[PDB]
Chemist: 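The structure that follows is given in the form of structure tokens.
A note on names: the letters A, B, ... follow the listed sequences, proteins ahead of strands, and every chain is numbered from 1. When reading the values below, keep in mind they use all heavy atoms of this one structure, side chains included, and skip hydrogens, waters and symmetry mates. For ligands, and for the atoms within them, numbers begin at 1 and follow the listed sequence.
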Amino acid sequence: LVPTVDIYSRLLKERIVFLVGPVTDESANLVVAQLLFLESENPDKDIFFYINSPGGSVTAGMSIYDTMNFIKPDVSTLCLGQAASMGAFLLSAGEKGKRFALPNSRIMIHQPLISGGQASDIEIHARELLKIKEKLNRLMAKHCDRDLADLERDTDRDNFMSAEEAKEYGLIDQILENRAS
Amino acid sequence: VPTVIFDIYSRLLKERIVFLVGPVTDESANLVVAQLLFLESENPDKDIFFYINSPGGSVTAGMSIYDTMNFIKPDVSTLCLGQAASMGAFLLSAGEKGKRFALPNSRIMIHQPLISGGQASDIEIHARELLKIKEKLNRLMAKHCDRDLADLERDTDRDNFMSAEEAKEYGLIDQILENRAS
Amino acid sequence: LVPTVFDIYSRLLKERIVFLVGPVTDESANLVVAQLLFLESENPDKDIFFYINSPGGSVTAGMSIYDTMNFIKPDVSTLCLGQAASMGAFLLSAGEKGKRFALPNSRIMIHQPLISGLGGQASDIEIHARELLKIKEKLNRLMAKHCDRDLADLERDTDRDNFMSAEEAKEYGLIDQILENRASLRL
Amino acid sequence: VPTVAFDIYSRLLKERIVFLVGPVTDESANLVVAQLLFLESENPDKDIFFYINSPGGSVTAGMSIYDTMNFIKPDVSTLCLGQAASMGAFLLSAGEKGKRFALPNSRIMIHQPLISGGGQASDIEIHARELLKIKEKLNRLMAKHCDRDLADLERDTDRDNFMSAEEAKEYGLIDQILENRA
Amino acid sequence: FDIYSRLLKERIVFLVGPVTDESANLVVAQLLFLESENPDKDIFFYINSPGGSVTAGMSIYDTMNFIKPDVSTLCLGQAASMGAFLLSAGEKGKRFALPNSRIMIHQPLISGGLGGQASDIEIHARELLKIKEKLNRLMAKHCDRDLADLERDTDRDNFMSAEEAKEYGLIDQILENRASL
Amino acid sequence: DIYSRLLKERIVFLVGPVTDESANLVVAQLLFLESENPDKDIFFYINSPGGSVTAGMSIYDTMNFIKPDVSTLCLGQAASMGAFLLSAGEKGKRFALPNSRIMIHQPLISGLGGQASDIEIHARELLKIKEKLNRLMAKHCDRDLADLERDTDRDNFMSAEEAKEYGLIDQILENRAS
Amino acid sequence: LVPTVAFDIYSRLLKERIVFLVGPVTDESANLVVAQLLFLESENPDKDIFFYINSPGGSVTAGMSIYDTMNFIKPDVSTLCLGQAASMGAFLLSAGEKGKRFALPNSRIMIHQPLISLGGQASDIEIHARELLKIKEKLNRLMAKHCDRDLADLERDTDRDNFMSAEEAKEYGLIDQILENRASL
Amino acid sequence: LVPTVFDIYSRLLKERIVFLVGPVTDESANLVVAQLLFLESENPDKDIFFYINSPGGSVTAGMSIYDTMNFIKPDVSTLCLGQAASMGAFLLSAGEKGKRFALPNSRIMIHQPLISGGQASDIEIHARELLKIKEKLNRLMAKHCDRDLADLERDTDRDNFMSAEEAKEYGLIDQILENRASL
Amino acid sequence: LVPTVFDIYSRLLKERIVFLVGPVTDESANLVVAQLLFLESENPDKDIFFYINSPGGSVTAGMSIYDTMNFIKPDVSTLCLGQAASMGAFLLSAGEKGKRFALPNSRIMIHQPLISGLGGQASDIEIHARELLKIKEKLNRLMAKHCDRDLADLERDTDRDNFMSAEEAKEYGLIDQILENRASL
Amino acid sequence: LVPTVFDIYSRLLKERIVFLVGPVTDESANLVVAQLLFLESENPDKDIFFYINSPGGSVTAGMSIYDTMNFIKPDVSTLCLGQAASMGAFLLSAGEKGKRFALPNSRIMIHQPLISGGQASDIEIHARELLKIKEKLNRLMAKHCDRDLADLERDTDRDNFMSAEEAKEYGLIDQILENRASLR
Ligand SMILES: CCCCC[C@H](N)CC(=O)N[C@@H](CCCCC)CC(=O)NCC(=O)O
Ligand SMILES: CCCCC[C@H](N)CC(=O)N[C@@H](CCCCC)CC(=O)NCC(=O)O
Ligand SMILES: CCCCC[C@H](N)CC(=O)N[C@@H](CCCCC)CC(=O)NCC(=O)O
Ligand SMILES: CCCCC[C@H](N)CC(=O)N[C@@H](CCCCC)CC(=O)NCC(=O)O
């Protein structure tokens, strides 16, 4: 269904990587592979990471996040459509100064959720989920240059933000209307 | 259900026998509760004989039976036939001490609570409630069995099957009945 | 599936005992309503004993029970066995004050209204969301009255699932007394 | 279910005939138990006739019947009609010795316990050990019922073992084959 | 009373539809009841059945031979497989069919056979062949025929009219009305 | 294939429901064409019943972000988000074929569940979406917000001529001489 | 589904001697890893292989095919946990050449005893229960070896699901270093 | 997706490596047969390396592999990685004697045949065929393992799991290879 | 589900009316058989009124009714209300000659046997096909007798579904009279 | 799914090897037909090697292969590997006489036609046609096996399994090939 000249491989030659739809092990690892490839091609030029995602798996998302921070090139992020949950986490993780959103994109942040067995096992997994919640708040607070207490308050339930609101919050640096913004 | 000059379960209810058979649900538990209250109304001082063949089930449903057993005036004698596992074993052990029995090839099993959520805040709320249930049931079981809390904690960490003799050794029942001569 | 002695529930209905067991539906709630009206007709002056073991259910169905409990002349005493959660806890706390009881290992739980993500046009979602919040506010106000507490307490205490032991429910003001046996009644 | 002011099974319950038909479940087994207890209270001095046509089923449900047969005062005579397989054959062989019968074309089948339907290796170990304990107990009890050496039962239950009425009598599972009332 | 309980007062017992543990034991129960009511009067066993479980059918068969009353059989509609076996098992001289009844006999079949280790399949195949031999031997006795004839004539489905069943030895008479006796 | 060949003519199709996948494919093609030549018009042919609002906005913001003019053409139909994108084409370069149809309406949601607090949060966000889309649509159509609110309360079907009078498109093309 | 660069992106990274295990370990996904390991050894037995693991675990025998192949071939198999390495995934992570086992800073490890999602005669359940316990004992013995820890430690720490941060995994002995970025040699 | 270098499996085929992975079906077995014939055609004298990670499967499907292994001129060396169970273990044990290998943590399992309906006559026919297969497989397994048939009948009555070392002790394989210096 | 005036069908059985409604199955046919035997036991000389509204069904189930109607002493009068198709029309035509009726807007349909699902070996399919052809001929012969027609007539006229009005059914010989009300008799 | 060397099957087609694997369907049989015609076009005089591992399937699909085998100029040698059951056994037995082979542990099975409704008239028509099929298949098989028709009628009444040796004695194949030295 993807046109040829495929189109995503052609845009990859421009150092553009897309994350579209739910963050899964497969879709996240495909992003990781493209990031490693682009670094191999030129470790010094910026990579442009376009995000339209409702979120997904935390560990899948972390594999992208850690790869973004590991590789040498700056990873610029761009929100188009929406960046929610892990998508918003990855958006805010772009190189500071190079995190963008289009004017009508939507950001949403929230605490982790689950889609059990013995009480002992439920205890273990609840404790792990609470560590994830705590780690994500701390990393998000760092990304946004905000207090940990703010992130805890502001992710207790679904928190939708416009592009201007996400910029004020510290999740992105600039809103781009066109190539003059 | 066979009938007599009343169906067979109503007939045995005339002898103050109440059955708990199969999984403990809100409905099956409350039918037992209703029978216990009925028997107390009929005669508040005569023993009731509570026959249990159950794999367990809902904790709150079992607690409605348990608290009713302790609330009503008559002693509730318990008898394990077939099996008393999980909430079934809890109710077996809750019978009036001295009047908890098992038939010779009955089986007992005890274990910690099991279940089969959304936001982390809610999962935390329900995990903490589940752990309080786990502690409460161990504390109550230790009292029933005349044992230390630490013993019940180790012995319910995984499924713990017991023969009738072992359940007697454990303190969960008082006597094994082979016939009316024992 | 139900022993006769009249079956056992009809027999206890003669003792003026009514059960609410399991989820609260239109059918199970109206059956409670019918028993309440029947007992009032049998004797408008004698207490009724309403035994609740329920995880909750439909709010409008539970409200049909609530309004009937307050409408009829006899006092409706409530007793929690097993659990009274959500609409179950609301009905328990609605018993005649002084006559709300729980058994020692009962569990109470309160929370804000929950839905099974509405559907349709934004105008319709706005209408149903506004009604859902109104329901939430009304239930908090009624619960505040039942518990003899400030509205702000109930707003705080229902934001997420709030489990209570019998002791906690008594201290909250949701029940009056915990009964281990028939010697426990005081006051 | 025909009516004769009773249904047909309630009517034969007046002749002290109790049926076990189809799979043994908690529900079907406890119904048998209730009938055994009912008959005992009606007259503890008369035999009970326990007619078995069953492919087997739950071991613990079967033990609830077994232990009740041994507990109550009346002799429980057993009759195989059609078939008594697995727990059905166990109950058949558990009848009062001297009063265990089969009709001429009935068939018996015995075998070791099987499970139709998981977890951690620790939990699988616990349940496998319990299954072997059941297997050992059933071999010991079957050997006693049949007046045979334990090694005989271990060998002969390793896989499905079908027996004709005559073979079951020679094995010791029943006492006599009844062709008619003569 | 319902209609079947009322006809039970006339010592009429029906076997209708597949032979199962439940349907067969209900027949057994009625046969025992009727014997208890009067051990000397014939019982009239009306069969309209396509067959079913062999061991269930044997419980009826052995009960018919055990009780004191003669059990007269009547085929109405059809008596196939275990139904034809039971029809042929009524007291000799008192086995009847209505004129347009149909009988069918065949060797045993298993719905979904073969399941497990070769050892278990061997055990169950041998039991099935013993059942096959026993049914042929018993049927030959019912029909006053050779075991070899029953083996030949049941290898595949063998449909018989009432007159053919009478000639074969499965029934004694065809009754068009009460004067054909 | 046929679509890659027409992409060489700077023709991009949106056909069927707007999803994350179908919208981003459009985005990728728009970015590709800008990279091939940032100055030449792009021709965005729309035959769509609508779909996801955020997916549609990714197309919308990309149309406005890239340097080339994006001309739009309605063939068959442009409904809901499809009509939104049609009206977003470069002004003066928004077209419909003579028997195409337009339809506009307020946001819809399919289904889930949650606490009253969460439902309130999401209803408020849906109402903000509704107003933003009415405001943007009014700007595209050179009409008032109150007009768009009134005219999208329920499904509003428009012929090509009605859509031109409304301001959603500039011209109806029977052929290249229109 | 997969970008091209003449090669799909994964074939291209295989030219950098990078092999991925992503998602559940199955017979098919494990043998694909085995095939890439043998291919890279054939292409150059003198260069390290970089085995990137993001997996929740899966089949024990399929995982053992990877494990024994890693140990069989000449090249060092360096391992990297990205995302998570759970169960058989953590086993393979810890099996990388010692000194060359890595995790990214926010990856997570989880270890536990074998589980099954049994049926037949009691004899058969006994046979398979014994085989499952042998697997449990072997995996504890091998894991204790990878981690340079006492067997009793692994027996205690795998009784139930045991999650570890990257730092905890390093202290436990499952990995050697946590990699922040290319400050590397 | 299979990596490309040729795809990765074709590339390993050029080094005379053939895989049997997952259940033995008509389709998966014939693909192995086709590779064996191709490799014999490429060089009839050089060993073929048959890597087996399989839980077993169809008996006739396996026999087509077995008979091809015995038919072609090249020695077919076998290697168990992961597991060789049932028909998988049969083919593992069918490798050229002296060239049957296992990796150290692979496992073998052997057992009698199993199946996953009709007139008694037809069930009799199929039960007899199943018992002939059982006896034939026991006879061929006894030859592969250099053991008495009675040993094999006893040892396959139920699932019989073996470590690599037990499989070597049994006679099913020749050596366990930790690496190429294990030779 | 049935008004208990003791339900209405039990009440009409006191007037010696038996209904066949819907598909003829073993269970519904034997229920008819039992009522027929019951009414004969109550009084062997009084007419029985057999009201048929049926689309047909099982041939052997229908034959149990047919043979019982002919076996018992009472005349069995038949009445078609709504429709009598296939085995239903067969039973209608089987009523005591002179006492077979239809209501004015009743519908009759006759046709050859059909089978729902044959599946087995060619040998078994031959056996079952032959039995079906035997059934087809016997039913045509019996129907021809009821209608005072030839077997060849019935074979011709049942080859495909043959719908008949009440008047057409009377002309054919399937019924004796059409009753608008009792004055029709 | 299929290694390249050509994919592996196209590579073996270059050596005039054609496979029939798994159930015989319209699609699988016509692919065999297509290969047979292609090999004849490539060289009408050289043997074709038709390798069969099949449980059977559609009779009409199998007949399209059968008639194509007899129609083309090249001899079609057949080899049973694994099994040739029902239509598979029929096609195996249809190879050029003298050139029908089996591997030592192959299995052959033969039997009468099977069916996995409508008016009685329609059942009569299809029953008669099925019996015609049964008779025709027994007649052709008796010719292939150089045997009396009555033998085939007897020996296909129920599922009839044959070892390779039994199939050779039956006349279904000519030789059993242990390895490349087994040939005449
Ligand atoms: C744990 C208990 C679960 C259910 C009760 C839960 N506490 C609160 C709740 O569900 N309130 C709804 C009424 C309950 C009936 C089923 C949804 C309100 C309503 O009427 N909504 C209609 C609309 O506005 O569309
Ligand atoms: C056309 C239909 C007529 C069917 C009658 C058919 N001739 C005979 C028949 O049903 N025999 C089996 C009984 C059925 C039980 C299966 C659920 C015999 C049996 O139990 N053998 C041992 C075993 O099963 O293991
Ligand atoms: C849609 C119109 C329905 C009318 C039914 C249709 N006229 C005829 C019909 O039902 N024939 C079979 C029903 C008899 C049931 C006995 C088990 C007869 C039969 O037994 N044939 C041989 C075979 O079954 O093999
Ligand atoms: C183990 C069993 C497998 C072998 C099957 C067995 N040899 C015979 C077989 O399949 N015969 C049919 C042809 C196959 C068609 C498949 C869709 C007969 C037919 O063409 N009937 C049409 C009619 O008369 O209406």
Chemist: Check the pair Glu127(E), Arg107(D) against salt bridge (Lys or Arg N to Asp or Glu O under 4.0 Å), reporting the backbone distance first and the verdict last.
Modeler: CA-CA 10 Å; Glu127(E) 170 67 9; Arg107(D) 74 162 181 204; 3.0 Å; yes
Chemist: Answer yes or no: is there a donor N or O on one side and an acceptor on the other, between the side chain of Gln112(I) and the main chain of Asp159(I), under 3.5 Å?
Modeler: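 The answer is yes, because a donor-acceptor pair under 3.5 Å joins these two groups.
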Chemist: For a 4.5 angstrom cut-off between non-hydrogen side-chain atoms, does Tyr46(E) reach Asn30(I)?
Modeler: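 No, their side chains stay 4.5 Å or more apart.
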Chemist: Could you list each nitrogen or oxygen of ligand 3 that sits under 3.5 Å from a protein nitrogen or oxygen, with the atom names and the distance?
Modeler:
unit_1	atom_1	unit_2	atom_2	d
ligand 3	7 (N)	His111(I)	NE2	3.3
ligand 3	10 (O)	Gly57(I)	O	3.2
ligand 3	20 (O)	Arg102(E)	NH1	2.7
ligand 3	20 (O)	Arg102(E)	NH2	2.8
ligand 3	25 (O)	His128(I)	ND1	3.0

Chemist: For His142(E) and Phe85(E), take the angle between the two ring planes, folded into 0 to 90°, and tell me which bin it lands in: parallel under 30, tilted 30 to 60, perpendicular over 60.
Modeler: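 Ring orientation of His142(E) relative to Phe85(E): tilted.
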Chemist: Taking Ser86(D) for the side chain and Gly88(D) for the main chain, is one N or O donor matched with an acceptor at less than 3.5 Å?
Modeler: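 Side chain of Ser86(D) to backbone of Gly88(D), a donor-acceptor pair under 3.5 Å: no, none is there.
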Chemist: For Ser54(C) and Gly22(C), indicate whether the former's side chain and the latter's backbone hold a donor-acceptor pair under 3.5 Å.
Modeler: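 Yes: the side chain of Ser54(C) pairs with the backbone of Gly22(C).
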Chemist: In ligand 2, which numbered atoms sit nearer than 4.0 Å to a non-hydrogen atom of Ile110(E)?
Modeler: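 Listed by number with element, the hits are 24 (O).
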